[PDB]
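Down below is the structure, laid out as structure tokens.
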4 protein chains.
Amino acid sequence: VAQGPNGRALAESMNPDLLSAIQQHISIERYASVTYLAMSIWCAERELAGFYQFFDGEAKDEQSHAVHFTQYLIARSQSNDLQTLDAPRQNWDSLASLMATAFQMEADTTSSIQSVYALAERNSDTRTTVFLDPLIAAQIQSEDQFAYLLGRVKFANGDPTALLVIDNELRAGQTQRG
Amino acid sequence: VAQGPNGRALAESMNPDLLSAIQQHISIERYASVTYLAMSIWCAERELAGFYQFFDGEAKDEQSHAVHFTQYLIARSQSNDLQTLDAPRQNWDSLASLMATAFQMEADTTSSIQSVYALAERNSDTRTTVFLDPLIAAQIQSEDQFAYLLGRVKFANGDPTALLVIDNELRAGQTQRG
Amino acid sequence: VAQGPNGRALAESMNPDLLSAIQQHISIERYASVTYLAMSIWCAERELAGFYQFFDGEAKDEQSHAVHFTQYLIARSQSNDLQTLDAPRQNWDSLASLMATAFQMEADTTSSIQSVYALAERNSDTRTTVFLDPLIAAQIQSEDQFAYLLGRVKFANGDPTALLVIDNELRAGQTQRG
Amino acid sequence: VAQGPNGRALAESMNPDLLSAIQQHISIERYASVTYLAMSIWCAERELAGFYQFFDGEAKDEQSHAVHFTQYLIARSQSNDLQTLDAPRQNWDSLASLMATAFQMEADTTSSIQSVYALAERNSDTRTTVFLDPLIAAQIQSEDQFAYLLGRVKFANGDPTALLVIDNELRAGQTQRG
Ligand SMILES: [Cl-]
Ligand SMILES: [Cl-]
Ligand SMILES: [Cl-]
Ligand SMILES: [Cl-]
Ligand SMILES: [Cl-]
Ligand SMILES: [Cl-]
Ligand SMILES: [Cl-]
Ligand SMILES: [Cl-]
Ligand SMILES: [Fe+3]
Ligand SMILES: [Fe+3]
Ligand SMILES: [Fe+3]
Ligand SMILES: [Fe+3]
Ligand SMILES: [Fe+3]
Ligand SMILES: [Fe+3]
Ligand SMILES: [Fe+3]
Ligand SMILES: [Fe+3]
Ligand SMILES: [Fe+3]
Ligand code: NA
Ligand code: NA
Ligand code: NA
Ligand code: NA
């Protein structure tokens with residue numbers, strides 16, 4: 001039995017380029033987390049309590065995704081390399097602009113997973129594609145959800161009354177088409 | 001064993017300037033109470049039932065704070081001196097203006113506590129600073145809450161539709177960021 | 001009513017040096033979080049599942065502390081400034097060495113709070129000292145706990161048998177003197 | 001409607017090389033089963049009751065996997081061909097050596113699935129890749145688990161005291177990092 005780079009027994013070696021791609025993706029998940037924290041704060045500063053609660057939870061969930069990836073590297077006997085984390089964006093001129101950035105963040109998270117996926121396929125790493133499959137499925141749901149929240153906020157067309165109604169929807173947990 | 005000014009056994013004497021400051025602060029709490037009663041009436045007169053219910057409860061809570069201070073003076077064997085109470089402000093041109101006065105009242109209540117606190121520290125009265133600590137903590141929460149209600153009302157920008165939505169939030173007990 | 005730097009109604013202005021100190025402390029909490037994540041991974045890589053579970057939870061708790069501070073700045077109508085986050089330490093020669101770093105991290109977290117506390121006192125910011133008081137109390141408990149875990153691991157004196165026993169204690173939730 | 005090789009209605013023909021690969025893989029699952037039975041006996045002979053119970057269950061689970069594959073061939077209207085089964089390895093000089101063989105058996109089971117998977121992809125057999133996906137996911141978990149048990153036994157470094165502690169973990173059902 002061979003030992004993997006992290007010292008554990010090695011079921012199958014991993015291409016170093018794929019390993020690097022996964023380590024970078026963990027940073028993307030962590031960056032999504034702190035981005036959603038910054039968004040939660042921006043909303044709290046404007047008394048948009050439902051949006052604050054929503055993004056506070058999204059921040060925690062993205063962190064959980066990052067940890068989920070660290071556990072996969074452990075399971076593959078690969079080294080983790082937790083990286084320096086950039087500061088998030090923190091300023092927006094409107095809730096619609098914030099929601100556009102949020103949607104882009106979600107879509108960019110999927111693109112990162114897709115890039116890891118393509119590298120795993122090039123390397124015939126079926127463990128990794130199988131690991132990623134349910135994460136892509138979750139991303140479809142999150143993209144659908146963020147398109148819903150962004151589209152609903154855009155429909156409000158900057159009317160504070162409409163934004164208060166939507167804020168109350170989010171506080172109540174009404175965050176998807178359902 | 002010595003007797004304190006109110007006749008009870010005296011654990012430790014209190015500086016008369018500090019005593020006067022606490023008696024004055026009790027009046028501030030009582031004045032906040034009747035101010036919130038006046039605000040509850042103003043809201044009721046305009047059918048803002050959720051704001052009426054909110055301020056009706058705040059009036060009762062501020063009175064409870066006043067009584068809490070009277071009990072501390074009893075516990076310190078100090079005399080209470082219930083003072084003449086000014087009439088509250090009773091007229092506002094808008095709910096936003098009323099909420100600004102409410103926020104100021106809350107902040108001024110904290111300033112009064114802070115002034116008592118500084119005098120207690122100058123007099124090395126650790127019982128009093130310890131007594132006040134949780135009241136300051138409660139004030140932070142109340143200031144955060146009143147900034148939320150004021151900011152949400154200002155966001156409404158005088159639109160009756162938005163103010164009805166917020167009124168219904170308060171009736172439902174949705175009075176904080178959460 | 002004045003507006004604070006984050007746009008909300010301002011109960012009382014905050015010294016910019018104190019604000020900067022709180023923003024820096026939030027980074028310390030976030031850095032403790034990612035440090036404990038790195039420690040959880042190191043333990044998982046060596047099959048120390050109880051230590052992995054312990055530090056996984058500590059990472060989540062430190063993040064919660066960071067968010068708690070961001071909410072205080074919101075409550076004070078002060079701007080948040082989420083900073084770039086350094087990469088954590090990730091390599092240790094032994095569990096005893098890891099636990100020494102963990103204890104130091106906990107003690108350094110308290111020192112950071114103490115530094116903010118002293119600045120608040122210099123500025124007569126009683127809201128901030130009151131906010132910090134229960135966090136210092138929690139730090140005493142965490143320092144006591146980490147001294148217990150470190151001391152118990154050192155008592156094991158590198159014997160794998162003893163470290164397996166302690167690992168099982170942590171998995172069972174036996175993490176303090178009790 | 002066409003009839004498949006096993007006589008049932010045929011949804012889509014299967015490449016004979018892929019069929020042979022699946023039939024061979026069923027033998028690999030059956031061989032893993034009897035290997036884990038032999039390991040359970042080796043442990044029972046040395047009073048390692050927790051390891052005996054663990055491998056007794058693994059033997060049953062691997063047999064269930066074999067049957068699961070036989071049901072897939074039935075579902076595809078393909079013939080099953082249950083093969084002669086080699087005798088398992090039965091002798092080891094130490095528990096660490098046994099656990100190394102167990103880890104290798106688990107990794108080799110995954111390699112067999114991976115080989116079937118690659119053949120299905122070459123043949124555009126999407127039913128088979130979909131069938132195998134959750135089995136690969138289960139293999140990741142089993143490899144992580146066996147790396148944990150092997151690594152924990154190696155950490156014991158042949159100390160009977162440590163091996164008794166781990167034996168008791170397994171008897172209690174503590175068989176993974178968790
Ligand atoms: Cl908007
Ligand atoms: Cl951006
Ligand atoms: Cl208004
Ligand atoms: Cl006034
Ligand atoms: Cl050690
Ligand atoms: Cl260090
Ligand atoms: Cl051994
Ligand atoms: Cl062998
Ligand atoms: Fe994510
Ligand atoms: Fe996401
Ligand atoms: Fe009060
Ligand atoms: Fe008050
Ligand atoms: Fe206290
Ligand atoms: Fe902390
Ligand atoms: Fe800590
Ligand atoms: Fe199997
Ligand atoms: Fe298996
Ligand atoms: Na409107
Ligand atoms: Na309207
Ligand atoms: Na021992
Ligand atoms: Na021993």
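Each chain in the structure tokens gets a letter, A, B, ..., in the order shown, and its residues are numbered from 1; ligands are numbered from 1 in order too.
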
- Item | Shell of 10 Å around residue A:144, only C-alpha atoms, local chain residues under 3 positions omitted, as a PyMOL selection string | chain A and resi 103+106+138-141+147-150+176-177

Please build the interface table for chain B against chain C with a cut-off of 10 Å, listing for each qualifying residue the nearest atom pair and the distance in Å to one decimal; count only C-alpha atoms, order rows by chain and increasing number, and write it as JSON lines.
```
{"residue": "B:97", "atom": "CA", "partner": "C:1", "partner_atom": "CA", "distance": 9.9}
{"residue": "B:100", "atom": "CA", "partner": "C:1", "partner_atom": "CA", "distance": 6.4}
{"residue": "B:101", "atom": "CA", "partner": "C:1", "partner_atom": "CA", "distance": 8.1}
{"residue": "B:103", "atom": "CA", "partner": "C:11", "partner_atom": "CA", "distance": 7.9}
{"residue": "B:104", "atom": "CA", "partner": "C:1", "partner_atom": "CA", "distance": 6.7}
{"residue": "B:105", "atom": "CA", "partner": "C:11", "partner_atom": "CA", "distance": 9.9}
{"residue": "B:106", "atom": "CA", "partner": "C:11", "partner_atom": "CA", "distance": 8.2}
{"residue": "B:107", "atom": "CA", "partner": "C:11", "partner_atom": "CA", "distance": 5.1}
{"residue": "B:108", "atom": "CA", "partner": "C:11", "partner_atom": "CA", "distance": 8.3}
{"residue": "B:110", "atom": "CA", "partner": "C:11", "partner_atom": "CA", "distance": 8.6}
{"residue": "B:111", "atom": "CA", "partner": "C:12", "partner_atom": "CA", "distance": 8.7}
{"residue": "B:113", "atom": "CA", "partner": "C:126", "partner_atom": "CA", "distance": 9.8}
{"residue": "B:114", "atom": "CA", "partner": "C:126", "partner_atom": "CA", "distance": 7.0}
{"residue": "B:117", "atom": "CA", "partner": "C:126", "partner_atom": "CA", "distance": 8.4}
{"residue": "B:118", "atom": "CA", "partner": "C:124", "partner_atom": "CA", "distance": 8.2}
{"residue": "B:130", "atom": "CA", "partner": "C:130", "partner_atom": "CA", "distance": 9.9}
{"residue": "B:132", "atom": "CA", "partner": "C:130", "partner_atom": "CA", "distance": 9.5}
{"residue": "B:133", "atom": "CA", "partner": "C:130", "partner_atom": "CA", "distance": 6.0}
{"residue": "B:134", "atom": "CA", "partner": "C:130", "partner_atom": "CA", "distance": 7.6}
{"residue": "B:135", "atom": "CA", "partner": "C:130", "partner_atom": "CA", "distance": 9.4}
{"residue": "B:136", "atom": "CA", "partner": "C:127", "partner_atom": "CA", "distance": 6.3}
{"residue": "B:137", "atom": "CA", "partner": "C:130", "partner_atom": "CA", "distance": 6.2}
{"residue": "B:138", "atom": "CA", "partner": "C:127", "partner_atom": "CA", "distance": 9.9}
{"residue": "B:139", "atom": "CA", "partner": "C:127", "partner_atom": "CA", "distance": 8.5}
{"residue": "B:140", "atom": "CA", "partner": "C:127", "partner_atom": "CA", "distance": 6.9}
{"residue": "B:141", "atom": "CA", "partner": "C:75", "partner_atom": "CA", "distance": 7.5}
{"residue": "B:142", "atom": "CA", "partner": "C:75", "partner_atom": "CA", "distance": 9.4}
{"residue": "B:143", "atom": "CA", "partner": "C:11", "partner_atom": "CA", "distance": 6.7}
{"residue": "B:144", "atom": "CA", "partner": "C:75", "partner_atom": "CA", "distance": 4.8}
{"residue": "B:145", "atom": "CA", "partner": "C:75", "partner_atom": "CA", "distance": 8.4}
{"residue": "B:146", "atom": "CA", "partner": "C:9", "partner_atom": "CA", "distance": 8.7}
{"residue": "B:147", "atom": "CA", "partner": "C:9", "partner_atom": "CA", "distance": 5.5}
{"residue": "B:148", "atom": "CA", "partner": "C:8", "partner_atom": "CA", "distance": 8.0}
{"residue": "B:150", "atom": "CA", "partner": "C:9", "partner_atom": "CA", "distance": 7.8}
{"residue": "B:151", "atom": "CA", "partner": "C:8", "partner_atom": "CA", "distance": 6.8}
```

Go ahead and write the selection's residues with N, CA and C atoms as an mmCIF file, in the first residue's frame.
```
data_model
loop_
_atom_site.group_PDB
_atom_site.id
_atom_site.type_symbol
_atom_site.label_atom_id
_atom_site.label_comp_id
_atom_site.auth_asym_id
_atom_site.auth_seq_id
_atom_site.Cartn_x
_atom_site.Cartn_y
_atom_site.Cartn_z
ATOM 1 N N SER B 97 -40.863 61.689 11.415
ATOM 2 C CA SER B 97 -40.447 62.637 12.440
ATOM 3 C C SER B 97 -40.650 62.061 13.835
ATOM 4 N N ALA B 100 -37.867 59.621 14.508
ATOM 5 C CA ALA B 100 -36.614 60.300 14.828
ATOM 6 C C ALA B 100 -36.584 60.722 16.293
ATOM 7 N N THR B 101 -37.685 61.281 16.787
ATOM 8 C CA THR B 101 -37.761 61.626 18.202
ATOM 9 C C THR B 101 -37.638 60.385 19.078
ATOM 10 N N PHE B 103 -36.008 57.563 18.388
ATOM 11 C CA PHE B 103 -34.606 57.166 18.407
ATOM 12 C C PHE B 103 -33.796 58.077 19.316
ATOM 13 N N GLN B 104 -34.018 59.389 19.216
ATOM 14 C CA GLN B 104 -33.306 60.322 20.078
ATOM 15 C C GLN B 104 -33.606 60.053 21.545
ATOM 16 N N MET B 105 -34.868 59.769 21.868
ATOM 17 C CA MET B 105 -35.223 59.453 23.248
ATOM 18 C C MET B 105 -34.443 58.240 23.739
ATOM 19 N N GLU B 106 -34.343 57.207 22.906
ATOM 20 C CA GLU B 106 -33.611 56.012 23.305
ATOM 21 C C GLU B 106 -32.133 56.322 23.507
ATOM 22 N N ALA B 107 -31.532 57.049 22.564
ATOM 23 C CA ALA B 107 -30.123 57.404 22.690
ATOM 24 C C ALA B 107 -29.879 58.290 23.907
ATOM 25 N N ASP B 108 -30.799 59.218 24.181
ATOM 26 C CA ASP B 108 -30.657 60.090 25.347
ATOM 27 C C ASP B 108 -30.807 59.312 26.647
ATOM 28 N N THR B 110 -29.720 56.243 27.041
ATOM 29 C CA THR B 110 -28.393 55.663 27.206
ATOM 30 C C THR B 110 -27.388 56.700 27.704
ATOM 31 N N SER B 111 -27.419 57.907 27.136
ATOM 32 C CA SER B 111 -26.502 58.952 27.588
ATOM 33 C C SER B 111 -26.664 59.222 29.079
ATOM 34 N N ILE B 113 -27.707 57.049 31.371
ATOM 35 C CA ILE B 113 -27.051 55.935 32.047
ATOM 36 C C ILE B 113 -25.541 56.102 32.005
ATOM 37 N N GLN B 114 -25.002 56.488 30.845
ATOM 38 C CA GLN B 114 -23.558 56.669 30.728
ATOM 39 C C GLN B 114 -23.051 57.712 31.708
ATOM 40 N N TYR B 117 -22.929 56.216 35.039
ATOM 41 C CA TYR B 117 -21.835 55.253 35.045
ATOM 42 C C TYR B 117 -20.503 55.943 35.298
ATOM 43 N N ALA B 118 -20.259 57.052 34.603
ATOM 44 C CA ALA B 118 -18.998 57.766 34.772
ATOM 45 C C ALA B 118 -18.855 58.302 36.191
ATOM 46 N N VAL B 130 -21.760 47.668 38.074
ATOM 47 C CA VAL B 130 -22.236 46.314 37.794
ATOM 48 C C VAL B 130 -23.739 46.323 37.562
ATOM 49 N N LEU B 132 -25.463 48.742 36.333
ATOM 50 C CA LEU B 132 -25.759 49.411 35.072
ATOM 51 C C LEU B 132 -25.329 48.607 33.855
ATOM 52 N N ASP B 133 -24.328 47.735 33.996
ATOM 53 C CA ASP B 133 -23.797 47.020 32.836
ATOM 54 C C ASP B 133 -24.888 46.368 31.982
ATOM 55 N N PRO B 134 -25.762 45.528 32.549
ATOM 56 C CA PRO B 134 -26.803 44.893 31.712
ATOM 57 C C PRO B 134 -27.811 45.876 31.158
ATOM 58 N N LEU B 135 -27.998 47.019 31.817
ATOM 59 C CA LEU B 135 -28.892 48.035 31.283
ATOM 60 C C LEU B 135 -28.281 48.692 30.052
ATOM 61 N N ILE B 136 -26.962 48.898 30.054
ATOM 62 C CA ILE B 136 -26.308 49.389 28.845
ATOM 63 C C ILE B 136 -26.418 48.356 27.737
ATOM 64 N N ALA B 137 -26.226 47.079 28.074
ATOM 65 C CA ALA B 137 -26.372 46.048 27.056
ATOM 66 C C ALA B 137 -27.767 46.082 26.447
ATOM 67 N N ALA B 138 -28.791 46.250 27.279
ATOM 68 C CA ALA B 138 -30.145 46.334 26.752
ATOM 69 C C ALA B 138 -30.307 47.571 25.878
ATOM 70 N N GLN B 139 -29.644 48.668 26.248
ATOM 71 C CA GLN B 139 -29.748 49.888 25.451
ATOM 72 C C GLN B 139 -29.148 49.707 24.063
ATOM 73 N N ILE B 140 -28.034 48.979 23.955
ATOM 74 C CA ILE B 140 -27.466 48.709 22.635
ATOM 75 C C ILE B 140 -28.512 48.040 21.756
ATOM 76 N N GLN B 141 -29.203 47.040 22.308
ATOM 77 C CA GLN B 141 -30.227 46.339 21.540
ATOM 78 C C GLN B 141 -31.378 47.267 21.177
ATOM 79 N N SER B 142 -31.797 48.115 22.118
ATOM 80 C CA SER B 142 -32.900 49.031 21.833
ATOM 81 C C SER B 142 -32.499 50.085 20.808
ATOM 82 N N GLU B 143 -31.259 50.580 20.879
ATOM 83 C CA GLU B 143 -30.806 51.530 19.863
ATOM 84 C C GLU B 143 -30.755 50.877 18.485
ATOM 85 N N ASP B 144 -30.272 49.638 18.420
ATOM 86 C CA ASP B 144 -30.251 48.899 17.164
ATOM 87 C C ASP B 144 -31.669 48.724 16.630
ATOM 88 N N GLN B 145 -32.606 48.401 17.520
ATOM 89 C CA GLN B 145 -34.000 48.213 17.129
ATOM 90 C C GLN B 145 -34.623 49.513 16.640
ATOM 91 N N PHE B 146 -34.418 50.597 17.382
ATOM 92 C CA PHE B 146 -35.022 51.866 16.974
ATOM 93 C C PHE B 146 -34.378 52.405 15.702
ATOM 94 N N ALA B 147 -33.076 52.178 15.508
ATOM 95 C CA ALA B 147 -32.464 52.551 14.236
ATOM 96 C C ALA B 147 -33.071 51.752 13.091
ATOM 97 N N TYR B 148 -33.426 50.495 13.359
ATOM 98 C CA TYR B 148 -34.064 49.660 12.348
ATOM 99 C C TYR B 148 -35.455 50.186 12.005
ATOM 100 N N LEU B 150 -36.719 53.218 12.561
ATOM 101 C CA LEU B 150 -36.606 54.529 11.934
ATOM 102 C C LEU B 150 -36.120 54.405 10.494
ATOM 103 N N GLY B 151 -35.090 53.591 10.269
ATOM 104 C CA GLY B 151 -34.556 53.446 8.924
ATOM 105 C C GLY B 151 -35.549 52.817 7.968
#
```

- Excluding residue B:25 and residues on its chain fewer than 5 positions from it, collect all residues at most 9 Å away from it, counting only C-alpha atoms, and give them as a PyMOL selection string. chain B and resi 20+30+66+69+109+112-113+116

- Task: Any chance you could list, as a ChimeraX atom specification, the residues in stretch 60-177 of chain C that come up helix (DSSP H, G or I) when DSSP is run on the backbone?
- Result: /C:60-75,95-122,126-156,160-171

Write a file of the selected residues as a PDB file, in the first residue's frame, keeping C-alpha atoms.
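Ended up saving to again-v8.pdb:
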```pdb
ATOM      1  CA  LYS C  60     -17.488  27.319  13.225  1.00  0.00           C
ATOM      2  CA  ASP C  61     -17.695  28.963  16.645  1.00  0.00           C
ATOM      3  CA  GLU C  62     -14.882  31.437  15.924  1.00  0.00           C
ATOM      4  CA  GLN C  63     -16.640  32.411  12.700  1.00  0.00           C
ATOM      5  CA  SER C  64     -19.795  33.008  14.748  1.00  0.00           C
ATOM      6  CA  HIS C  65     -17.771  35.293  17.023  1.00  0.00           C
ATOM      7  CA  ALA C  66     -16.599  37.266  14.001  1.00  0.00           C
ATOM      8  CA  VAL C  67     -20.176  37.684  12.800  1.00  0.00           C
ATOM      9  CA  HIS C  68     -21.195  38.728  16.313  1.00  0.00           C
ATOM     10  CA  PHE C  69     -18.684  41.582  16.093  1.00  0.00           C
ATOM     11  CA  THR C  70     -19.940  42.598  12.637  1.00  0.00           C
ATOM     12  CA  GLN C  71     -23.421  42.894  14.148  1.00  0.00           C
ATOM     13  CA  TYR C  72     -22.110  45.152  16.906  1.00  0.00           C
ATOM     14  CA  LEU C  73     -20.639  47.533  14.334  1.00  0.00           C
ATOM     15  CA  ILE C  74     -23.993  47.532  12.529  1.00  0.00           C
ATOM     16  CA  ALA C  75     -25.708  48.295  15.852  1.00  0.00           C
ATOM     17  CA  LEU C  95      -0.297  16.798  18.254  1.00  0.00           C
ATOM     18  CA  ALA C  96       1.341  18.387  21.297  1.00  0.00           C
ATOM     19  CA  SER C  97       2.832  21.068  19.036  1.00  0.00           C
ATOM     20  CA  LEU C  98      -0.526  21.639  17.355  1.00  0.00           C
ATOM     21  CA  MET C  99      -2.235  21.990  20.734  1.00  0.00           C
ATOM     22  CA  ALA C 100       0.381  24.525  21.848  1.00  0.00           C
ATOM     23  CA  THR C 101      -0.397  26.631  18.779  1.00  0.00           C
ATOM     24  CA  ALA C 102      -4.116  26.251  19.501  1.00  0.00           C
ATOM     25  CA  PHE C 103      -3.680  27.470  23.070  1.00  0.00           C
ATOM     26  CA  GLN C 104      -1.601  30.405  21.841  1.00  0.00           C
ATOM     27  CA  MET C 105      -4.279  31.247  19.272  1.00  0.00           C
ATOM     28  CA  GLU C 106      -6.915  31.306  22.008  1.00  0.00           C
ATOM     29  CA  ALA C 107      -4.776  33.449  24.314  1.00  0.00           C
ATOM     30  CA  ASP C 108      -3.932  35.813  21.440  1.00  0.00           C
ATOM     31  CA  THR C 109      -7.638  36.157  20.668  1.00  0.00           C
ATOM     32  CA  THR C 110      -8.180  37.301  24.255  1.00  0.00           C
ATOM     33  CA  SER C 111      -5.234  39.711  24.026  1.00  0.00           C
ATOM     34  CA  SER C 112      -6.843  41.277  20.957  1.00  0.00           C
ATOM     35  CA  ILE C 113     -10.116  41.724  22.842  1.00  0.00           C
ATOM     36  CA  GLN C 114      -8.181  43.171  25.783  1.00  0.00           C
ATOM     37  CA  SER C 115      -6.557  45.711  23.468  1.00  0.00           C
ATOM     38  CA  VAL C 116      -9.923  46.799  22.090  1.00  0.00           C
ATOM     39  CA  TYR C 117     -11.211  46.967  25.666  1.00  0.00           C
ATOM     40  CA  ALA C 118      -8.417  49.272  26.814  1.00  0.00           C
ATOM     41  CA  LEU C 119      -9.008  51.582  23.839  1.00  0.00           C
ATOM     42  CA  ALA C 120     -12.729  51.705  24.608  1.00  0.00           C
ATOM     43  CA  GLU C 121     -11.956  52.634  28.212  1.00  0.00           C
ATOM     44  CA  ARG C 122      -9.573  55.363  27.067  1.00  0.00           C
ATOM     45  CA  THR C 126     -19.146  52.063  27.798  1.00  0.00           C
ATOM     46  CA  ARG C 127     -21.268  50.364  25.136  1.00  0.00           C
ATOM     47  CA  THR C 128     -18.142  48.651  23.835  1.00  0.00           C
ATOM     48  CA  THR C 129     -16.782  47.540  27.210  1.00  0.00           C
ATOM     49  CA  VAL C 130     -20.220  46.127  28.066  1.00  0.00           C
ATOM     50  CA  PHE C 131     -20.348  44.360  24.699  1.00  0.00           C
ATOM     51  CA  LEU C 132     -16.902  42.842  25.308  1.00  0.00           C
ATOM     52  CA  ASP C 133     -17.439  41.764  28.929  1.00  0.00           C
ATOM     53  CA  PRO C 134     -19.241  38.453  28.146  1.00  0.00           C
ATOM     54  CA  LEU C 135     -16.761  37.739  25.360  1.00  0.00           C
ATOM     55  CA  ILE C 136     -13.914  37.984  27.867  1.00  0.00           C
ATOM     56  CA  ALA C 137     -15.858  35.686  30.170  1.00  0.00           C
ATOM     57  CA  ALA C 138     -16.171  33.183  27.333  1.00  0.00           C
ATOM     58  CA  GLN C 139     -12.443  33.515  26.657  1.00  0.00           C
ATOM     59  CA  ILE C 140     -11.604  32.567  30.252  1.00  0.00           C
ATOM     60  CA  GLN C 141     -13.580  29.360  29.750  1.00  0.00           C
ATOM     61  CA  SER C 142     -11.951  28.674  26.380  1.00  0.00           C
ATOM     62  CA  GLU C 143      -8.461  29.280  27.780  1.00  0.00           C
ATOM     63  CA  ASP C 144      -9.234  26.916  30.665  1.00  0.00           C
ATOM     64  CA  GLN C 145     -10.500  24.343  28.155  1.00  0.00           C
ATOM     65  CA  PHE C 146      -7.525  24.644  25.816  1.00  0.00           C
ATOM     66  CA  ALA C 147      -5.098  24.463  28.746  1.00  0.00           C
ATOM     67  CA  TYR C 148      -6.900  21.260  29.732  1.00  0.00           C
ATOM     68  CA  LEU C 149      -6.666  19.701  26.266  1.00  0.00           C
ATOM     69  CA  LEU C 150      -3.052  20.771  25.822  1.00  0.00           C
ATOM     70  CA  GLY C 151      -2.080  19.565  29.291  1.00  0.00           C
ATOM     71  CA  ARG C 152      -3.816  16.236  28.805  1.00  0.00           C
ATOM     72  CA  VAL C 153      -2.062  15.714  25.465  1.00  0.00           C
ATOM     73  CA  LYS C 154       1.291  16.635  27.027  1.00  0.00           C
ATOM     74  CA  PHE C 155       0.642  14.182  29.879  1.00  0.00           C
ATOM     75  CA  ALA C 156       0.251  11.478  27.220  1.00  0.00           C
ATOM     76  CA  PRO C 160      -0.152   6.707  20.724  1.00  0.00           C
ATOM     77  CA  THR C 161      -2.246   4.625  23.123  1.00  0.00           C
ATOM     78  CA  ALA C 162      -2.866   7.609  25.398  1.00  0.00           C
ATOM     79  CA  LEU C 163      -3.584   9.848  22.405  1.00  0.00           C
ATOM     80  CA  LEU C 164      -6.194   7.387  21.111  1.00  0.00           C
ATOM     81  CA  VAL C 165      -7.891   7.445  24.516  1.00  0.00           C
ATOM     82  CA  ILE C 166      -7.970  11.248  24.512  1.00  0.00           C
ATOM     83  CA  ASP C 167      -9.134  11.274  20.888  1.00  0.00           C
ATOM     84  CA  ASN C 168     -12.105   9.148  21.955  1.00  0.00           C
ATOM     85  CA  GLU C 169     -12.832  11.535  24.833  1.00  0.00           C
ATOM     86  CA  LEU C 170     -13.148  14.415  22.378  1.00  0.00           C
ATOM     87  CA  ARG C 171     -15.336  12.412  20.011  1.00  0.00           C
TER      88      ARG C 171
END
```

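From atom CA of residue A:22 back to atom CA of residue D:123, the distance works out to 29.3 Å.
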
Quick one: residues within 12 Å of residue A:172, only C-alpha atoms counted, chain neighbours fewer than 6 positions away excluded, as a CSV table (one decimal) with N, CA, C and O atoms, in the first residue's frame?
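Full text of selection.csv as output:
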```csv
chain,number,residue,atom,x,y,z
A,49,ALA,N,-33.9,43.3,6.6
A,49,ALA,CA,-33.6,42.2,7.5
A,49,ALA,C,-33.8,40.9,6.9
A,49,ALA,O,-33.1,39.9,7.2
A,50,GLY,N,-34.8,40.7,6.0
A,50,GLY,CA,-35.0,39.4,5.3
A,50,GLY,C,-33.8,39.1,4.4
A,50,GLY,O,-33.4,37.9,4.4
A,51,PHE,N,-33.3,40.1,3.6
A,51,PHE,CA,-32.2,39.8,2.8
A,51,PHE,C,-30.9,39.6,3.7
A,51,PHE,O,-30.1,38.8,3.3
A,53,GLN,N,-30.9,38.1,6.7
A,53,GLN,CA,-31.0,36.8,7.1
A,53,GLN,C,-30.7,35.8,6.0
A,53,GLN,O,-30.0,34.8,6.2
A,54,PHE,N,-31.2,36.0,4.8
A,54,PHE,CA,-30.9,35.1,3.7
A,54,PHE,C,-29.4,35.0,3.4
A,54,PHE,O,-28.9,33.9,3.4
A,165,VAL,N,-41.9,44.4,0.7
A,165,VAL,CA,-42.7,43.1,0.6
A,165,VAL,C,-41.7,42.0,0.3
A,165,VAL,O,-41.9,40.9,1.0
A,166,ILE,N,-40.8,42.1,-0.6
A,166,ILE,CA,-39.9,41.0,-0.9
A,166,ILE,C,-39.0,40.7,0.3
A,166,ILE,O,-38.7,39.6,0.7
B,169,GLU,N,-46.1,44.7,10.0
B,169,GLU,CA,-45.0,44.0,10.6
B,169,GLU,C,-45.0,44.2,12.1
B,169,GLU,O,-44.8,43.2,12.9
B,174,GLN,N,-42.9,41.8,14.5
B,174,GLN,CA,-41.6,41.9,13.7
B,174,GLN,C,-41.1,43.3,13.9
B,174,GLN,O,-41.3,44.2,13.1
B,178,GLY,N,-33.6,40.8,13.7
B,178,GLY,CA,-33.7,39.4,13.9
B,178,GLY,C,-32.4,38.6,13.5
B,178,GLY,O,-31.4,39.2,13.5
```

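Relative to atom CA of residue A:39, atom 1 (Cl, counted along the ligand's line) of ligand 2 is found at 11.4 Å.
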
- Note on the structure: Taken to one decimal, the atom CA of residue D:31-atom CA of residue D:46 distance is 23.0 Å
